[PDB]
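Undergrad: Have a look at this one.
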2 protein chains.
Amino acid sequence: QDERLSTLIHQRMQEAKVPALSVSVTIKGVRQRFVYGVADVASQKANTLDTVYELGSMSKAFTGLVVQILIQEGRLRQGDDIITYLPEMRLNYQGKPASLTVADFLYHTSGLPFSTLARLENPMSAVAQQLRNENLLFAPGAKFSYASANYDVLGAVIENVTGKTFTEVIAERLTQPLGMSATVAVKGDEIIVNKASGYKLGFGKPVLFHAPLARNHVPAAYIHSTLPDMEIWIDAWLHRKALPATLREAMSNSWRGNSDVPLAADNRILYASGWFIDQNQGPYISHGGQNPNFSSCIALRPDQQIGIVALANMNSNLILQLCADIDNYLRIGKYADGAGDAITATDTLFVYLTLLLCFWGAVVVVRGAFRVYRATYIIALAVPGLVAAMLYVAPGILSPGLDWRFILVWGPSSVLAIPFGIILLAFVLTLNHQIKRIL
Amino acid sequence: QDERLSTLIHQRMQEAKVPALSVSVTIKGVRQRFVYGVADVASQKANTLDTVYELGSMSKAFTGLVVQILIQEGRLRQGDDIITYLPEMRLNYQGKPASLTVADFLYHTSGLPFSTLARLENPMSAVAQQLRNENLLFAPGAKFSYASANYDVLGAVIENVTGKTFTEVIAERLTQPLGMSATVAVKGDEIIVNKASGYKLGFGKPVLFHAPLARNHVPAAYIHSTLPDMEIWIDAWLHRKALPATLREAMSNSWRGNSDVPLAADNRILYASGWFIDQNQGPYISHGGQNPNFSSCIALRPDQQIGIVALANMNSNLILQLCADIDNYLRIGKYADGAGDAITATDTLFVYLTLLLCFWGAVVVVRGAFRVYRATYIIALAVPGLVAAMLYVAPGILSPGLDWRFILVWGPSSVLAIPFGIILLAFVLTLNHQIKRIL
């Protein structure tokens with residue numbers, strides 16, 4: 001290890017307050033490992049190379065590579081209309097049915113809206129039923145939008161074109177040919193040996209969090225792997241002498257950036273079949289994924305054969321910039337200050353605001369007691385009856401299809417205290433107002 | 001003109017609601033012009049090629065080129081300590097004096113905090129006095145932060161090293177050798193023939209806005225130019241065959257991206273001496289600038305000898321990316337949907353909220369009048385006395401050195417109505433509460 005790099009790792013881990021962090025750094029054959037923390041705080045399970053982490057959205061790299069393999073063998077083509085493989089699919093743009101090529105989903109130019117993540121994330125029907133009659137945000141091929149639901153359609157395409165369940169396709173095409181020992185696409189809700197227990201921030205400290213793994217979302221997330229397996233993954237991507245010819249050509253095509261999309265002035269990030277492609281001081285080929293209880297980012301710089309990977313036990317934006325920070329250290333020897341984590345900021349904001357609301361409630365209760373001393377129902381509870389519905393419908397008004405389920409799952413666990421905090425404050429305040437009117 | 005491109009221009013103009021828009025598009029020698037709108041709504045002054053616009057932050061390209069010319073002649077070096085040219089300068093990091101090279105200011109690695117724009121934007125002494133004992137946000141050379149005030153220090157460096165006022169240095173070095181007919185760096189507040197009157201959004205429509213041009217801020221903004229002048233400017237950055245050798249080599253060095261700064265995962269935008277450098281489908285070399293009452297963004301793609309130059313009569317984020325939309329059209333023939341302009345969004349939000357506050361005030365006044373009809377001072381005005389100070393100090397609490405002057409200058413003119421709206425609402429509400437207590 002480089003002591004400075006290990007200090008970087010520990011600093012980022014402590015600032016993100018994640019229970020465990022696993023980082024591997026490859027430099028043109030030379031490798032370094034950074035395996036730290038506890039895979040489970042509830043039993044102080046020491047974190048180790050053998051523990052399994054959820055890859056999050058990096059799963060899309062595996063799905064993209066599988067689709068590129070299928071394309072190389074000629075079983076599937078980029079220009080194929082999706083109806084050829086998902087006849088049940090119907091998608092609307094301005095109320096008009098829209099034909100989408102497999103390439104449109106492959107490069108996130110399908111126009112599916114981000115709120116679709118909430119509906120496919122539902123454990124619950126194939127992808128067609130969960131996307132039946134969905135209304136697109138934009139025309140196919142006219143824009144780039146990282147709607148995470150896109151690669152589930154690619155999962156259905158893989159399943160139908162190949163005639164097997166996604167897990168078997170993964171095992172046959174990627175895990176076994178690459179010699180990977182533990183990487184697996186779960187068959188939905190499943191138990192795996194020595195999996196690190198997922199954690200999510202709540203009230204300033206990690207909270208053990210687990211939710212069912214939607215069967216239909218695995219082709220875009222929830223692929224499980226170990227750090228040694230991801231080292232083999234990085235090695236397979238960086239250098240390819242031993243690989244089969246079909247696999248090598250599929251990887252070569254996998255990095256072809258989708259140039260035919262409008263690009264904003266300050267972003268110009270190209271997206272290949274799974275990988276962000278950035279030409280600035282690169283090619284800096286990378287992705288990044290935060291699951292509700294896991295986060296992971298991988299970065300490849302093949303021109304210098306540098307490969308980074310950060311698998312973490314908890315969702316936090318800091319371990320999505322962690323691979324960029326490590327690459328910056330390797331390139332320069334300097335790294336930026338830790339970015340303000342959105343999850344941490346939101347959790348601290350809710351701590352402050354719910355504590356303030358409870359203090360407000362205590363103050364109003366004290367004033368009510370004082371007025372009762374100075375003096376010595378359904379009508380009041382109606383106000384909570386309205387506030388409950390108002391808050392229940394509010395997220396759906398702000399965004400279409402945004403269920404409170406999504407907010408509870410993705411946001412910090414303290415988010416729930418805001419609805420109940422507001423409802424309790426309204427309860428006590430309205431009741432005391434009615435009492436004062438009676439008094 | 002390409003009719004589709006002209007439609008793009010008109011669409012962006014109408015959505016941004018700018019009084020006037022001037023765009024020139026050069027394609028490997030072939031050129032197109034788009035001169036539209038009125039340079040002044042107060043007199044319907046038809047916008048024309050001869051009208052002068054403020055270049056905003058694309059001025060930094062001129063100052064950067066001047067510094068690079070001085071560097072080529074050997075009068076100045078990148079590694080020179082700033083104290084050599086500004087002995088009056090003192091800057092602190094964690095309370096410790098910090099030595100800054102001229103390169104630090106040239107590539108925005110100085111650590112000055114963006115709020116120094118408010119102090120230098122103040123008409124108000126040299127740059128040293130206005131930056132005397134300033135506290136840096138980060139160590140020199142350790143980070144990239146687009147503190148717009150950086151190039152004013154470079155203006156002082158130019159003046160001291162060259163021994164002339166900045167305007168004369170510009171005229172001698174850039175305007176005259178390049179044959180530019182009207183581009184001039186103003187000597188502070190100055191009157192120029194056929195300048196387009198500045199405009200800023202207010203209550204949903206443009207408002208004629210003019211503020212003094214701080215003399216000390218000219219080396220980083222407020223340089224004036226015409227569209228033919230910017231066409232010559234583009235033809236000088238490209239097609240360098242006819243230029244002097246020293247000027248050619250200065251331009252060659254001017255695009256040298258500062259690689260020694262940490263780069264975020266999703267940005268990786270390199271900054272040369274005035275120009276953002278992007279390798280994605282490029283080199284895409286471009287700056288972009290919004291003044292309080294002007295906006296303009298230039299974009300070059302030398303490998304294909306393309307370059308847009310959009311100058312505008314009004315500040316709006318859309319025309320700060322209309323030289324990226326045009327590149328997208330040229331490259332692909334497709335362009336993205338108009339981004340939500342921050343100025344437009346803020347102005348509409350303040351329209352809604354101040355109208356709601358006035359409606360609230362009317363309702364409370366109506367209830368007070370009813371209670372007066374239901375009935376047949378300094379004590380109440382004290383509440384406004386507190387609210388006034390609370391709102392006055394509030395921006396300074398949120399950010400260091402953020403004067404209400406800055407908010408009024410940069411924000412839409414409706415922003416002032418929020419202080420007064422809140423103060424009037426508190427006035428009427430507290431007065432009616434006191435009256436009810438008396439009643």
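Here, A, B, ... name the chains of the structure tokens in the order displayed, residue numbers run from 1 inside each chain, and ligands are numbered from 1 in the same displayed order.
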As an NGL selection string, please: every residue in region 116-316 of chain A that a backbone DSSP assignment puts in helix (DSSP H, G or I).
TA: :A and (116-120 or 127-131 or 150-162 or 166-175 or 215-220 or 227-238 or 245-254 or 302-304)
Undergrad: Find the nearest atom pair between each residue of chain B and chain A for residues within 10 Å, count only C-alpha atoms, give distances in Å to one decimal, sort rows by chain and ascending number, and present the table as a tab-separated table.
TA:
```
residue	atom	partner	partner_atom	distance
B:138	CA	A:337	CA	9.3
B:141	CA	A:334	CA	9.6
B:142	CA	A:334	CA	7.0
B:143	CA	A:336	CA	6.6
B:144	CA	A:336	CA	9.2
B:259	CA	A:281	CA	8.1
B:260	CA	A:332	CA	6.4
B:261	CA	A:334	CA	7.4
B:262	CA	A:335	CA	5.3
B:263	CA	A:328	CA	6.8
B:264	CA	A:324	CA	6.4
B:265	CA	A:324	CA	5.0
B:266	CA	A:267	CA	7.4
B:267	CA	A:267	CA	6.2
B:268	CA	A:280	CA	6.1
B:269	CA	A:280	CA	7.2
B:270	CA	A:280	CA	7.6
B:276	CA	A:266	CA	9.1
B:277	CA	A:280	CA	8.5
B:278	CA	A:280	CA	6.3
B:279	CA	A:280	CA	5.2
B:280	CA	A:279	CA	5.2
B:281	CA	A:268	CA	8.0
B:282	CA	A:279	CA	9.3
B:283	CA	A:280	CA	9.6
B:284	CA	A:265	CA	9.2
B:286	CA	A:265	CA	8.7
B:287	CA	A:265	CA	9.6
B:288	CA	A:265	CA	9.4
B:299	CA	A:265	CA	9.2
B:320	CA	A:265	CA	8.8
B:321	CA	A:265	CA	6.1
B:322	CA	A:265	CA	8.9
B:323	CA	A:265	CA	7.9
B:324	CA	A:265	CA	5.1
B:325	CA	A:264	CA	7.5
B:327	CA	A:262	CA	9.1
B:328	CA	A:262	CA	5.6
B:329	CA	A:262	CA	8.0
B:331	CA	A:260	CA	8.6
B:332	CA	A:260	CA	6.2
B:333	CA	A:262	CA	8.9
B:334	CA	A:262	CA	6.2
B:335	CA	A:262	CA	5.2
B:336	CA	A:262	CA	5.5
B:337	CA	A:143	CA	8.5
B:339	CA	A:264	CA	9.4
```
Undergrad: Do a least-squares overlay of chain B on chain A, C-alpha atoms all paired in order, then report the RMSD in Å.
TA: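 Here the C-alpha RMSD works out to 0.2 Å.
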Undergrad: Write out as a tab-separated table (two decimals) with N, CA, C and O atoms, in the first residue's frame the residues lying within 10 Å of region 172-182 of chain B, counting only C-alpha atoms and excluding same-chain residues fewer than 5 positions away.
TA:
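Okay, this is what ended up in part.tsv:
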```
chain	number	residue	atom	x	y	z
B	50	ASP	N	-23.36	46.49	-36.51
B	50	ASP	CA	-22.48	47.51	-35.94
B	50	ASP	C	-22.67	47.71	-34.44
B	50	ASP	O	-21.82	48.36	-33.82
B	51	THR	N	-23.74	47.17	-33.86
B	51	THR	CA	-23.99	47.39	-32.44
B	51	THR	C	-22.94	46.70	-31.58
B	51	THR	O	-22.41	45.65	-31.95
B	52	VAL	N	-22.65	47.30	-30.43
B	52	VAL	CA	-21.61	46.82	-29.52
B	52	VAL	C	-22.27	46.10	-28.35
B	52	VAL	O	-23.25	46.59	-27.78
B	62	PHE	N	-9.34	37.49	-23.78
B	62	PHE	CA	-8.46	38.58	-24.18
B	62	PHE	C	-7.34	38.78	-23.16
B	62	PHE	O	-6.17	38.90	-23.53
B	63	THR	N	-7.69	38.82	-21.87
B	63	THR	CA	-6.67	39.00	-20.84
B	63	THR	C	-5.71	37.82	-20.80
B	63	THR	O	-4.50	38.00	-20.64
B	65	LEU	N	-4.90	35.91	-23.34
B	65	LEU	CA	-4.04	36.02	-24.51
B	65	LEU	C	-2.98	37.10	-24.30
B	65	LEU	O	-1.83	36.94	-24.73
B	66	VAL	N	-3.35	38.21	-23.67
B	66	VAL	CA	-2.36	39.26	-23.38
B	66	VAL	C	-1.27	38.72	-22.47
B	66	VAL	O	-0.08	38.96	-22.69
B	69	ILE	N	0.96	36.46	-24.39
B	69	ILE	CA	1.87	37.23	-25.23
B	69	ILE	C	3.03	37.76	-24.40
B	69	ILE	O	4.20	37.63	-24.79
B	70	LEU	N	2.73	38.35	-23.25
B	70	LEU	CA	3.78	38.83	-22.36
B	70	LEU	C	4.70	37.69	-21.94
B	70	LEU	O	5.91	37.90	-21.79
B	166	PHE	N	-4.62	49.12	-18.72
B	166	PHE	CA	-5.05	47.89	-19.39
B	166	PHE	C	-5.63	48.17	-20.77
B	166	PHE	O	-5.41	47.39	-21.71
B	167	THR	N	-6.37	49.26	-20.92
B	167	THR	CA	-7.00	49.56	-22.20
B	167	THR	C	-5.96	49.73	-23.30
B	167	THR	O	-6.11	49.20	-24.41
B	192	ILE	N	-20.06	54.64	-25.45
B	192	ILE	CA	-19.66	54.06	-26.72
B	192	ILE	C	-20.82	54.15	-27.69
B	192	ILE	O	-21.99	53.99	-27.30
B	193	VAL	N	-20.51	54.41	-28.96
B	193	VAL	CA	-21.54	54.66	-29.97
B	193	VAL	C	-22.29	53.37	-30.26
B	193	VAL	O	-21.69	52.30	-30.44
B	224	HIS	N	-15.80	45.39	-24.59
B	224	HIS	CA	-16.88	45.61	-25.54
B	224	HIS	C	-16.44	45.15	-26.92
B	224	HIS	O	-15.27	45.30	-27.28
B	225	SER	N	-17.37	44.58	-27.69
B	225	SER	CA	-17.05	44.09	-29.02
B	225	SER	C	-18.32	44.02	-29.86
B	225	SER	O	-19.43	43.98	-29.34
B	226	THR	N	-18.12	44.00	-31.17
B	226	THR	CA	-19.19	43.82	-32.14
B	226	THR	C	-19.11	42.42	-32.76
B	226	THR	O	-18.08	41.74	-32.68
B	227	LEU	N	-20.21	42.00	-33.37
B	227	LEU	CA	-20.24	40.66	-33.96
B	227	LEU	C	-19.22	40.50	-35.08
B	227	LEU	O	-18.55	39.45	-35.11
B	228	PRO	N	-19.06	41.43	-36.02
B	228	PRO	CA	-17.94	41.30	-36.97
B	228	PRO	C	-16.59	41.23	-36.27
B	228	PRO	O	-15.69	40.49	-36.71
B	229	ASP	N	-16.43	41.98	-35.18
B	229	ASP	CA	-15.18	41.93	-34.42
B	229	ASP	C	-14.96	40.54	-33.85
B	229	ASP	O	-13.83	40.02	-33.89
B	230	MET	N	-16.01	39.90	-33.33
B	230	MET	CA	-15.86	38.55	-32.82
B	230	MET	C	-15.65	37.54	-33.94
B	230	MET	O	-15.00	36.51	-33.73
B	231	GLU	N	-16.19	37.81	-35.13
B	231	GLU	CA	-15.88	36.95	-36.27
B	231	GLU	C	-14.40	37.01	-36.61
B	231	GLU	O	-13.77	35.98	-36.88
B	232	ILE	N	-13.82	38.22	-36.58
B	232	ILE	CA	-12.38	38.34	-36.77
B	232	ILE	C	-11.63	37.67	-35.63
B	232	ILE	O	-10.55	37.09	-35.84
B	233	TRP	N	-12.17	37.73	-34.42
B	233	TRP	CA	-11.55	37.09	-33.26
B	233	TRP	C	-11.48	35.57	-33.47
B	233	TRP	O	-10.44	34.94	-33.22
B	235	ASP	N	-11.66	34.06	-36.44
B	235	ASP	CA	-10.76	33.83	-37.56
B	235	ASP	C	-9.30	34.03	-37.19
B	235	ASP	O	-8.42	33.60	-37.95
B	236	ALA	N	-9.02	34.69	-36.07
B	236	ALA	CA	-7.67	34.80	-35.54
B	236	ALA	C	-7.28	33.61	-34.68
B	236	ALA	O	-6.12	33.18	-34.73
B	242	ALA	N	-1.66	33.96	-41.04
B	242	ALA	CA	-1.24	35.33	-41.30
B	242	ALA	C	-0.71	36.06	-40.07
B	242	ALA	O	-0.20	37.18	-40.20
B	243	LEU	N	-0.82	35.47	-38.88
B	243	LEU	CA	-0.50	36.18	-37.66
B	243	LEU	C	1.00	36.27	-37.42
B	243	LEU	O	1.78	35.48	-37.98
B	244	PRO	N	1.45	37.22	-36.60
B	244	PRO	CA	2.87	37.27	-36.24
B	244	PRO	C	3.30	36.04	-35.47
B	244	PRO	O	2.50	35.37	-34.81
B	247	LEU	N	2.65	36.17	-31.67
B	247	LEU	CA	1.22	36.02	-31.41
B	247	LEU	C	0.76	34.59	-31.67
B	247	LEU	O	-0.04	34.04	-30.91
```
Undergrad: Give me the residues near residue 122 (chain B) as an mmCIF file with C-alpha atoms, in the first residue's frame, where near means some atom within 12 Å (using only C-alpha atoms) and where sequence neighbours in that chain fewer than 3 positions away do not count.
TA:
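result.cif, freshly written:
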```cif
data_model
loop_
_atom_site.group_PDB
_atom_site.id
_atom_site.type_symbol
_atom_site.label_atom_id
_atom_site.label_comp_id
_atom_site.auth_asym_id
_atom_site.auth_seq_id
_atom_site.Cartn_x
_atom_site.Cartn_y
_atom_site.Cartn_z
ATOM 1 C CA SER B 115 -17.699 36.454 -3.085
ATOM 2 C CA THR B 116 -14.741 38.696 -3.981
ATOM 3 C CA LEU B 117 -16.657 39.347 -7.206
ATOM 4 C CA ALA B 118 -19.069 41.408 -5.107
ATOM 5 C CA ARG B 119 -16.223 43.499 -3.678
ATOM 6 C CA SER B 125 -7.829 51.812 -5.041
ATOM 7 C CA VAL B 127 -6.702 45.269 -6.927
ATOM 8 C CA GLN B 130 -9.723 45.352 -2.690
ATOM 9 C CA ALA B 149 -12.150 37.850 -9.658
ATOM 10 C CA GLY B 188 -14.123 52.267 -16.516
ATOM 11 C CA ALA B 211 -24.819 49.873 -13.623
ATOM 12 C CA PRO B 212 -21.410 51.568 -13.399
ATOM 13 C CA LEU B 213 -18.594 49.589 -15.022
ATOM 14 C CA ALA B 214 -16.093 49.227 -12.200
ATOM 15 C CA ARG B 215 -12.726 50.183 -13.664
ATOM 16 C CA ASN B 216 -10.921 47.426 -11.752
ATOM 17 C CA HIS B 217 -13.190 44.682 -13.153
ATOM 18 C CA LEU B 402 -22.630 38.651 0.296
ATOM 19 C CA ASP B 403 -24.018 42.181 0.307
ATOM 20 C CA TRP B 404 -27.638 42.841 -0.600
ATOM 21 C CA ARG B 405 -26.087 45.001 -3.324
ATOM 22 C CA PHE B 406 -24.933 41.808 -5.053
ATOM 23 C CA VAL B 409 -27.559 43.647 -9.056
#
```
Undergrad: Within 9 Å of residue 425 (chain B), counting only C-alpha atoms, which residues qualify if same-chain residues fewer than 6 places away don't, as an NGL selection string?
TA: :B and (357-358 or 360-361 or 364)
Undergrad: Return as a list in words the full set of residues in region 71-133 of chain A whose backbone-based DSSP assignment is strand (DSSP E or B).
TA: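 Taking region 71-133 of chain A and keeping strand (DSSP E or B) only, one gets residues 81, 91, 92, 93, 96, 97 and 101 of chain A.
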Undergrad: With C-alpha atoms retained, export the selected residues as a tab-separated table (two decimals), in the first residue's frame.
TA:
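To be explicit, this is the file written out as again17.tsv:
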```
chain	number	residue	atom	x	y	z
A	81	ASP	CA	-37.12	-2.85	-33.26
A	91	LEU	CA	-44.69	3.03	-25.45
A	92	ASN	CA	-46.21	6.44	-26.18
A	93	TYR	CA	-44.72	9.80	-27.17
A	96	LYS	CA	-48.42	8.32	-30.42
A	97	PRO	CA	-46.88	4.81	-30.32
A	101	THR	CA	-34.52	0.12	-31.30
```
Undergrad: So which residues touch residue 377 (chain B) within 10 Å, counting only C-alpha atoms, skipping near sequence neighbours fewer than 3 positions away, as a list in words?
TA: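 Non-adjacent residues within range: residues 380, 381, 382, 431, 434 and 435 of chain B.
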Undergrad: Which is closer to residue 311 (chain B) than all the others in B:154, B:351, B:9, B:171, using only C-alpha atoms?
TA: B:9
Undergrad: Would you pick out the contacts of residue 313 (chain B) at 9 Å or less, using only C-alpha atoms, so that residues sharing its chain but fewer than 3 positions from it are not included, and give the list as a compact mmCIF listing (two decimals) with N, CA, C and O atoms, in the first residue's frame?
TA:
```txt
# COMPACT_ATOMS: atom_id res chain seq x y z
N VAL B 18 -35.04 37.40 -24.68
CA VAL B 18 -34.03 38.46 -24.75
C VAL B 18 -34.45 39.50 -25.78
O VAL B 18 -34.98 39.13 -26.84
N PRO B 19 -34.25 40.80 -25.52
CA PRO B 19 -34.59 41.81 -26.54
C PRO B 19 -33.86 41.60 -27.86
O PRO B 19 -34.46 41.81 -28.92
N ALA B 20 -32.60 41.16 -27.84
CA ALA B 20 -31.84 41.02 -29.07
C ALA B 20 -30.85 39.87 -28.94
O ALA B 20 -30.42 39.51 -27.84
N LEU B 21 -30.49 39.30 -30.09
CA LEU B 21 -29.56 38.18 -30.17
C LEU B 21 -28.74 38.30 -31.44
O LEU B 21 -29.30 38.53 -32.52
N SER B 22 -27.43 38.14 -31.32
CA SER B 22 -26.51 38.18 -32.45
C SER B 22 -25.67 36.91 -32.42
O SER B 22 -24.97 36.65 -31.43
N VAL B 38 -34.04 43.86 -31.19
CA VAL B 38 -33.85 45.30 -31.04
C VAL B 38 -32.78 45.54 -29.99
O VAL B 38 -32.84 44.99 -28.88
N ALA B 39 -31.77 46.34 -30.35
CA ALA B 39 -30.71 46.67 -29.41
C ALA B 39 -31.21 47.49 -28.22
O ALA B 39 -30.52 47.54 -27.20
N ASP B 40 -32.37 48.12 -28.34
CA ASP B 40 -32.95 48.89 -27.24
C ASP B 40 -34.46 48.92 -27.43
O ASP B 40 -34.95 49.48 -28.41
N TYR B 53 -21.73 44.93 -28.00
CA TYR B 53 -22.19 44.16 -26.85
C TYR B 53 -21.05 43.95 -25.86
O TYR B 53 -19.88 43.92 -26.24
N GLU B 54 -21.41 43.81 -24.59
CA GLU B 54 -20.44 43.49 -23.56
C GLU B 54 -20.12 41.99 -23.61
O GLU B 54 -21.02 41.15 -23.57
N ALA B 196 -25.70 48.48 -27.40
CA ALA B 196 -27.02 47.97 -27.08
C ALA B 196 -27.30 48.17 -25.60
O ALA B 196 -26.47 47.82 -24.75
N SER B 197 -28.46 48.73 -25.28
CA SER B 197 -28.81 48.98 -23.89
C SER B 197 -28.99 47.66 -23.15
O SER B 197 -29.70 46.76 -23.62
N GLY B 198 -28.35 47.54 -21.99
CA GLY B 198 -28.45 46.32 -21.22
C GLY B 198 -29.85 46.11 -20.68
O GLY B 198 -30.59 47.05 -20.38
N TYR B 199 -30.23 44.83 -20.55
CA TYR B 199 -31.54 44.45 -20.06
C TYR B 199 -31.42 43.29 -19.09
O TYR B 199 -30.53 42.44 -19.22
N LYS B 200 -32.32 43.25 -18.11
CA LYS B 200 -32.39 42.18 -17.13
C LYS B 200 -33.85 41.85 -16.87
O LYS B 200 -34.72 42.73 -16.93
N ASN B 293 -26.26 42.44 -16.97
CA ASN B 293 -27.19 42.89 -18.00
C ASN B 293 -26.72 42.48 -19.40
O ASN B 293 -27.17 43.07 -20.39
N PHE B 294 -25.85 41.48 -19.50
CA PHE B 294 -25.41 40.96 -20.79
C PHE B 294 -25.06 39.49 -20.64
O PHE B 294 -24.91 38.98 -19.53
N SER B 295 -24.92 38.81 -21.77
CA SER B 295 -24.50 37.41 -21.79
C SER B 295 -23.86 37.13 -23.14
O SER B 295 -24.20 37.75 -24.16
N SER B 296 -22.94 36.17 -23.15
CA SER B 296 -22.24 35.79 -24.37
C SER B 296 -21.40 34.55 -24.15
O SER B 296 -20.75 34.41 -23.11
```
Undergrad: From the options B:56, B:395, B:29, B:87, which residue's atoms come nearest to residue 312 (chain B), counting only C-alpha atoms?
TA: B:56
Undergrad: Return the single residue from B:170, B:23, B:314, B:67 that is closest to residue 48 (chain B), with distances computed using only C-alpha atoms.
TA: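 That would be B:23, the residue with the smallest distance to residue 48 (chain B).
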